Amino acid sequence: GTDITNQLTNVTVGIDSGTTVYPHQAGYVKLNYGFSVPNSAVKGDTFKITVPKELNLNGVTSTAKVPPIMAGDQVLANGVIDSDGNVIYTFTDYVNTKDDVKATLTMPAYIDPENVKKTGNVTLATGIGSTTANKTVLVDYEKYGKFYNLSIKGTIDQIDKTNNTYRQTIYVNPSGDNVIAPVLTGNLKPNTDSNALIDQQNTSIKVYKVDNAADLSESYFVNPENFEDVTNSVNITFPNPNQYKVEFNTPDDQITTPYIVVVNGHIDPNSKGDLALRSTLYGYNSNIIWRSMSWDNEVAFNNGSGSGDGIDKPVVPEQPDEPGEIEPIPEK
């Protein structure tokens, strides 16, 4: 179990991405590593990759998998994230019989909103031993949309091209206003050829209640101690084609704090369209006027380009036709 980090040779480390990264358009940076393994290495030896706290490796959730390093079709090393957030790779028995091994590794890295608190420049740094790479990038977060007492901010946190999935978060009432009888709907962005498939089989939804608006930062981060899972209290349905509906039904029939809706859905691999979505928050004000406010999220399901050029903005939809009723397709 010798830490041979300093014994690796021909080491290269790099950070690749555009000058601007868009976390809510499934944007991420690519961390790359290259190195030659000394022949003295044996099964059990390890090496450490220094990871900056500003990034979340391989995914936006804690369950993201650390990819193994390969040698031909054999696993060269298996990695794990330690208590410091760094990655520890442990060599397999491949090094016991193979000499002159040269390896590479690329891991997508997402912006960690807990450590990047608002739109601005951030200096990213990663490395192996004394071989480090640095890059300053501009991280962009859009302010939430607000129409009367209805505020909303939708996102697309990441997509998985091979498994045809995507993860989206919708921040309901980030402004902390008073909303009576609120309802959230998620549709395909209208008049577009969206590739999303929204239904009971393809869409998993969880809802969390935030203690207060003050607990939601400009990068939309909420400390785990300030939100709790209330999926049991809302009514989730899919009343129309490719549309989900979340009725909050709180005890007072009013919400005064933000709510986080996490959507894990799927894409139609045979669709030639992009992942285009429109989220709409409905609600009454004190004067019982039923209104609706939307937010559009769109990203190309190409994977080729990191991100950028997508869509992440507010949209005022045609207001509801009937009070208390949602629209099958929120246009305008």
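Residue numbers here begin at 1 and follow the sequence given.
Averaged over CA atoms, B-factors in the entry run higher in 298-306 than in the other of 298-306 and 265-273. For the pair 247-255 and 204-212, the mean Cα B-factor is higher in 247-255. When the C-alpha B-factors of 112, 218, 193, 157 are read from the PDB record, the largest value belongs to 193. Of the candidates 292, 285, 50, 279, the deposited coordinates give 285 the top C-alpha B factor.
When all modelled residues of the chain are sorted by CA temperature factor, residue 98 is found within the highest third.
Looking at the C-alpha B-factors along this chain, the one for residue 64 belongs to the highest third. The deposited CA B-factor of residue 5 belongs to the lowest third of values across its chain.
Residue 119: CA B factor lies in the highest third for its chain, per the PDB record.
When the CA B factors of the chain's modelled residues are split into thirds, the value for residue 128 lands in the middle one.
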